[PDB]
Amino acid sequence: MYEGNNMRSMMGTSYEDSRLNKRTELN
Amino acid sequence: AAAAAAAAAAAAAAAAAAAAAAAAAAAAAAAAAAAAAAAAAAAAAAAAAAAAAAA
Amino acid sequence: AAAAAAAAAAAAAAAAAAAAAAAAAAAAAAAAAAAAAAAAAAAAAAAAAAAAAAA
Amino acid sequence: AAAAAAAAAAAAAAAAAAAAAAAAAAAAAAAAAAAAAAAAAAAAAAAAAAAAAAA
Amino acid sequence: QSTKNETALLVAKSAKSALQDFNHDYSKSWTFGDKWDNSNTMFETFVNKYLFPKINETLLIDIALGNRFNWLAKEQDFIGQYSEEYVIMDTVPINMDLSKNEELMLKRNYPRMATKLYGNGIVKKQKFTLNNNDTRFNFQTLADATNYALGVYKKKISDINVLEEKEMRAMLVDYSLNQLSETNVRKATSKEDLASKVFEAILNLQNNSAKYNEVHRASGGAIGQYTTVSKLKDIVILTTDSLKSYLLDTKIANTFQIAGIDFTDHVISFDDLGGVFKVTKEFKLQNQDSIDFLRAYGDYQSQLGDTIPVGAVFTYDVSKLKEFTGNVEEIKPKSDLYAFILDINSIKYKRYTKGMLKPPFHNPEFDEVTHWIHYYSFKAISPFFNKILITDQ
Amino acid sequence: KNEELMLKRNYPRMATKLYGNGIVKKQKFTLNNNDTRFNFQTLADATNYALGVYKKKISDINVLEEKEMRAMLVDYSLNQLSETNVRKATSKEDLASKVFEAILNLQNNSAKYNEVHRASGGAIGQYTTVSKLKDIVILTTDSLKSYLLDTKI
Amino acid sequence: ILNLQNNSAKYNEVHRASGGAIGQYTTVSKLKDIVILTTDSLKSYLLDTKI
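Following this line, the structure appears as structure tokens:
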């Protein structure tokens, strides 16, 4: 809830989950 | 760094007055440490006991 | 609710100073209730009497 | 014409606090004249000596 | 005692836990679940005695932990390593004995100098590591994980503050003991005695004294004198907090004319003046539990066999380890009766925090993000100013 | 040291404590419409009765809540916070000094004064904290409150 | 202080002068002219106890 400087470097964006782009091939 | 005085207060039910002070009793002129002492009464009782032990 | 001090005053002719206070004698360091008590002198006299009664 | 209190200070190395006052020891509740007196401890010691001399 | 409850046996079977599915290179890949009971546990509801319990919130309690010093923090620019300063010593003048021959005015007299060469500071480093696999098995929402990652960063920039605070007070208590040779100590006798003796010592700052300073361990100031006063806008006294409590409830309370005589603005204090430790005898690391105890405080880089130089510190209770007794000594006052007074601009604190954060390192082959923190601190005591210790020695 | 040290993992440590549920509390009351009329001389005072019983049925839960909450504070004071957190006074003026030095203790950077070693991860490691003095509140009797307001102050 | 502002011959030391070895000499002072010299310790004792 509390942000401060929330969107910091790579891990603070890695929990703010990233890029469902590649999924598995059949469906 | 102070004192007090009563000229009353026979030291049976006194609760919150002072500590390390002097509480002048109606007879004994007691002194209030963490427990109350009976200095002048202790002097009179020591004199009476020294008189009684003079047999 | 106060005190006093003398370092004098051998308690023979003192008239109107205080009551329930401490009057430091030239030898004895007395205490002034409605009648004057002799606390440290009483301790010294009780020690001397307990030494004398040790026969 | 004042007083003091310690609830500490076992009276071995105290140098410049007061004279003709009361210095509450950790055990004895001493009194500071030109030399320090031991009033309540003197009462306890006189009681113990009067008990010992009761043979 | 033990328990024959079957769900307690289910909890005790740690072989099916997720921990076994990461320590090993292979595992099960399907789960059949288990019949979870709530009965005869600490987990009963009245109606539905077969559901796994629920957590509604976490809150991430965090405190910010200031410094109490950083108006001392001036900033050099990370170039060079040796800095120093120096004074000229005094020369008492001499009488005119005219019987001496006149050609001594050709002979010379260079002025004398005492320097103090300091040297480099030290750079402090710490790591932390955000996982993407184990740590998100907790944190029922992602918002708690984001607050977690933010709060670990905020407390790992607060701990550096509490660290340099306690090692500053470590350094000047160590300077108070192992330096400051013979004159400027003053033996008090009670918790009210040094209360008088401190402003005995205050107004000794402000007479022209060749004493009270520490010139006699400079470069050229071994033999000779050097006089310096203070200004009272500059003096800093420090002590236990119990002493200033005794001040602020006794002397400025029970007296009657405190319009001018209250020195309490220059009183900084602490709870206790030692949690810090100094190396002697230059040991090494031998035992497993020792460095395991070091892992509890962030010290990862030390292993078994790594030496420890004699000039290091340890900043927390570490002397209770079996490998340090006799080797490690606590910087502390002797008797909980302490008043060390000096002037400001006698201590020198100077750090470099410009390139402080480093870029994060992403490790894909275990999926973590690792951050470093670096800063170059320097601190010392300039020995050319008036100082007085008061303890019970 | 060796240059491959940077790919070593330094996880942060946390220290937890879990809390159970609360208590739902209930009280009921029943008013009558037929024989209640036999005990009033107006309808207005009967309505005053009906409102008075309701506002006392909230006033009682107020007083219940506050005195059970001070009860659990005293329960905590007797049964928790092991010996390092409790200091011992002697006299009634002794704690006047003790509380004055203790409030000045709590607002320094210290790992002491908490009981996080009773929490889960807090057995080893360290946790330092402070207090703001706008956040500290003290809890005594009213007799000791009187002993403050007449003797020292 | 205020022993000094009485007419007295006890407080000078004119007996150490050349022509004034025996005999007395009275003088006083004006409080714009008395200073005391001490060490700092009992100066601080004045600055907490007596004031």
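Protein chains in written order, with the deposited numbering: chain d3, 1 to 27; chain ID, 1 to 55; chain OD, 1 to 55; chain SD, 1 to 55; chain BD, 4 to 396; chain CD, 103 to 255; chain DD, 205 to 255. Beta carbons: idealized from backbone N, C-alpha and C, even for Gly.
Euclidean distance between Cα positions of residue i and residue j
i                 : j                 : result
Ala38 (chain ID)  : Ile238 (chain CD) : 41 Å
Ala342 (chain BD) : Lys234 (chain BD) : 19 Å
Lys110 (chain CD) : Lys19 (chain BD)  : 28 Å
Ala213 (chain CD) : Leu297 (chain BD) : 17 Å
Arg172 (chain BD) : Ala49 (chain OD)  : 59 Å
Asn112 (chain CD) : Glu217 (chain CD) : 25 Å
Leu246 (chain DD) : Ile125 (chain BD) : 46 Å
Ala6 (chain ID)   : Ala1 (chain OD)   : 9 Å
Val14 (chain BD)  : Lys7 (chain BD)   : 12 Å
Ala117 (chain BD) : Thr94 (chain BD)  : 13 Å
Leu241 (chain DD) : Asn211 (chain DD) : 23 Å
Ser305 (chain BD) : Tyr215 (chain BD) : 42 Å
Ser102 (chain BD) : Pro96 (chain BD)  : 17 Å
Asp274 (chain BD) : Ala15 (chain SD)  : 28 Å
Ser380 (chain BD) : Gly227 (chain BD) : 33 Å
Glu16 (chain d3)  : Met108 (chain CD) : 25 Å
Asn136 (chain BD) : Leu22 (chain BD)  : 12 Å
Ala21 (chain SD)  : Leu251 (chain CD) : 27 Å
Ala55 (chain SD)  : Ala47 (chain SD)  : 14 Å
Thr138 (chain CD) : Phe131 (chain CD) : 14 Å
Residue i: CB within 7 Å of a non-hydrogen atom of the ligand FMN
i                 : result
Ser272 (chain BD) : Ligands displayed in this structure: none; no statement on the ligand FMN is therefore possible.
Residue span of the alpha helix (DSSP H) that contains residue i, given as start and end
i                 : result
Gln228 (chain DD) : From DSSP, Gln228 (chain DD) is part of no alpha helix (DSSP H); its letter is neither H nor E.
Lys103 (chain CD) : Element bounds for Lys103 (chain CD): n/a, residue is neither H nor E.
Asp237 (chain BD) : No alpha helix (DSSP H) contains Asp237 (chain BD), which DSSP labels as neither H nor E.
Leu297 (chain BD) : 291-298
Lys351 (chain BD) : Looking at the DSSP string, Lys351 (chain BD) is not in any alpha helix (DSSP H); the run it does join, the beta strand (DSSP E), is 350-355.
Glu203 (chain CD) : 196-208
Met359 (chain BD) : No alpha helix (DSSP H) holds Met359 (chain BD); DSSP gives it neither H nor E.
Within 8 Å, strictly: CB atoms of residue i and residue j
i                 : j                 : result
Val176 (chain BD) : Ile334 (chain BD) : yes
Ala198 (chain BD) : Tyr121 (chain BD) : no
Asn389 (chain BD) : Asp339 (chain BD) : no
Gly12 (chain d3)  : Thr149 (chain BD) : yes
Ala40 (chain OD)  : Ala52 (chain OD)  : no
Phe72 (chain BD)  : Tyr352 (chain BD) : yes
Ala45 (chain ID)  : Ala11 (chain ID)  : no
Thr318 (chain BD) : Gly278 (chain BD) : yes
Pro363 (chain BD) : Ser9 (chain d3)   : yes
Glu326 (chain BD) : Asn290 (chain BD) : yes
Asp40 (chain BD)  : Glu60 (chain BD)  : no
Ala146 (chain BD) : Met1 (chain d3)   : yes
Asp65 (chain BD)  : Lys159 (chain BD) : no
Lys323 (chain BD) : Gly308 (chain BD) : no
Residue of the options minimising C-alpha distance to residue i
i                 : options                                                                    : result
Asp395 (chain BD) : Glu88 (chain BD), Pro336 (chain BD), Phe364 (chain BD)                     : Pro336 (chain BD)
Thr186 (chain CD) : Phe142 (chain CD), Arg220 (chain CD), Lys194 (chain CD)                    : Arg220 (chain CD)
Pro386 (chain BD) : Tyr178 (chain BD), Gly69 (chain BD), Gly83 (chain BD)                      : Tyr178 (chain BD)
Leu133 (chain BD) : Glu371 (chain BD), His377 (chain BD), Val232 (chain BD)                    : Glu371 (chain BD)
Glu168 (chain BD) : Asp302 (chain BD), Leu276 (chain BD), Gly154 (chain BD), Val50 (chain BD)  : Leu276 (chain BD)
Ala383 (chain BD) : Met359 (chain BD), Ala152 (chain BD), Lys158 (chain BD), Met174 (chain BD) : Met174 (chain BD)
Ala3 (chain ID)   : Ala9 (chain ID), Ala23 (chain ID), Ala13 (chain ID)                        : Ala23 (chain ID)
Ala33 (chain OD)  : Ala25 (chain OD), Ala19 (chain OD), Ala8 (chain OD), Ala55 (chain OD)      : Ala19 (chain OD)
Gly224 (chain CD) : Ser5 (chain BD), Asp65 (chain BD), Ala299 (chain BD)                       : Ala299 (chain BD)
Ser14 (chain d3)  : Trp33 (chain BD), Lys31 (chain BD), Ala152 (chain BD), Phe25 (chain BD)    : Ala152 (chain BD)
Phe81 (chain BD)  : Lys159 (chain BD), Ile376 (chain BD), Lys357 (chain BD), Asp196 (chain BD) : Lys357 (chain BD)
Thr34 (chain BD)  : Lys284 (chain BD), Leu206 (chain BD), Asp24 (chain BD)                     : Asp24 (chain BD)
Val232 (chain BD) : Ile66 (chain BD), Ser349 (chain BD), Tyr29 (chain BD)                      : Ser349 (chain BD)
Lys254 (chain CD) : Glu195 (chain CD), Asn104 (chain CD), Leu206 (chain CD)                    : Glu195 (chain CD)
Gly154 (chain BD) : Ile393 (chain BD), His365 (chain BD), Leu68 (chain BD), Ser222 (chain BD)  : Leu68 (chain BD)
Range covered by the beta strand (DSSP E) that runs through residue i
i                 : result
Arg189 (chain BD) : 188-190
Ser380 (chain BD) : 371-384
Next item on the list: Below 8 Å between beta carbons is the criterion; list the residues of the stretch 64-78 of chain BD that meet it against any residue of chain CD, in chain order.
Entry: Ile66, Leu68, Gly69, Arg71
Give me the subset of the stretch 202-227 of chain CD whose CB atoms are less than 7 Å from a CB atom of chain BD, sorted by chain position. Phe202, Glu203, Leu206, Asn207, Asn210, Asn211, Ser212, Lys214, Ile226, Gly227
Give me the subset of the stretch 3-29 of chain SD whose CB atoms are less than 9 Å from a CB atom of chain OD, sorted by chain position.
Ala3, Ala19, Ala20, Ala21, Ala22
Output needed in chain order: residues of the stretch 228-253 of chain BD with a Cβ under 9 Å from some Cβ in chain CD. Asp244, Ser245, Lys247, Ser248, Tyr249, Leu251, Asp252, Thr253
Return the residues of the stretch 286-319 of chain BD that lie within a Cβ-Cβ distance of less than 8 Å from chain CD, sorted by chain order.
-> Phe296, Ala299, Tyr300, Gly301, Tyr303, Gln304, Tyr319
Can you list, in chain order, the residues of the stretch 253-270 of chain BD whose Cβ is nearer than 8 Å to any Cβ on chain DD?
-> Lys254, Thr258, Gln260, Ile264
Any residues in the stretch 12-23 of chain d3 with a beta carbon nearer than 8 Å to a beta carbon of chain BD? Which ones, in chain order?
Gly12, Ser14, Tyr15, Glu16, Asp17
Any C-beta of chain OD within less than 8 Å: which residues of the stretch 28-52 of chain ID qualify?
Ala29, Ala39, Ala40, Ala43, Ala46, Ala47, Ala50
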